[PDB]
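First, one chain by itself in structure tokens, the form solved without the partner chain.
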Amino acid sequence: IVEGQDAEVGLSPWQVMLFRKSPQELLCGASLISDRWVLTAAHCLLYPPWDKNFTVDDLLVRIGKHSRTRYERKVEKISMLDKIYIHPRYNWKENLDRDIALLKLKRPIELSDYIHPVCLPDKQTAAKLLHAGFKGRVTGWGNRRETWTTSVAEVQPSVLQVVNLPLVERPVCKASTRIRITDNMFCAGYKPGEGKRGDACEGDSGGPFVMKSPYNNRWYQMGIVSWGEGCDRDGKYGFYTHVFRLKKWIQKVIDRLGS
């Protein structure tokens, strides 16, 4: 996260990280939506151009973390995945449309102080919170800046990163990229002029965009980090899976294949 802060401990309990098992590697963030269902972007799993097609046995989910480096005895639950579900209409060969995926653990997790669900969005909360200028929050342990790929990249957060970014209005999102933008994504970050900066970057993909409701004082996931040109370039916005326009789906699979 480009210009984030160090996060307060237990700040985003829903924060899961995907590792590849051997060789050990942070792959993506994700959110804990239930004690057995982790939400993530489709592209952490399947992007055929970079031969990425990750099997269920290739991955492992670290929940309850704060440090990126350290195994922390007391906080931390390592699960493994029973199923990897990716949208039929995930369109990699164009514009990452319907970039969502949903992972069933092998084993339910016991919630603790530090491991606790996101709310998914409802009609009223989507409609009430998703307005341009409203600030949401993106988190994760990924690159603090746009980097040339070396293995030890140096730019890697110690502690989980948080930033707060304004939702930007669709004409402006459309206008910032040649890539065809569709209705199930939204963009966020500052305009040129607005004094302030911020973005997600590599390895923050899959992680939450959350907003907090002043109704009932709970947090909901509005977005998932999906894509963008660079990290934190002028005139470029960060693009997020619109979780609600894929909520009609978000229900359906957990309730199709259910037991």
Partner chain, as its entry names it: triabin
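Numbering follows the first chain given and starts at 1. Rigid core: the largest C-alpha set superposing within 1.5 Å between the two forms. Only residues modelled in both forms are compared.
Not pictured, yet referred to below: the form solved in complex with the partner chain.
Residues are counted as partner-facing when one of their heavy atoms sits within 4.5 Å of the partner chain in the deposited bound form; in 35 to 73 these are 60, 62, 69, 71, 73, in sequence order. Core-based superposition between the shown form and the other one leaves all of 175, 153, 78, 132 but one with CA shifts under 2 Å; the exception is 153. In summary, the C-alpha positions of residue 149 and residue 93 diverge in the deposited bound form, ending up at least 3 angstroms farther from each other than in this conformation. In the deposited bound form, the CA atoms of residue 156 and residue 148 sit closer together than in the displayed form, by at least 3 angstroms. Displacement of the C-alpha atoms by 2 Å or more across three or more consecutive residues between the shown form and the other one, following core superposition, is confined to the runs 147 to 154, 257 to 259.
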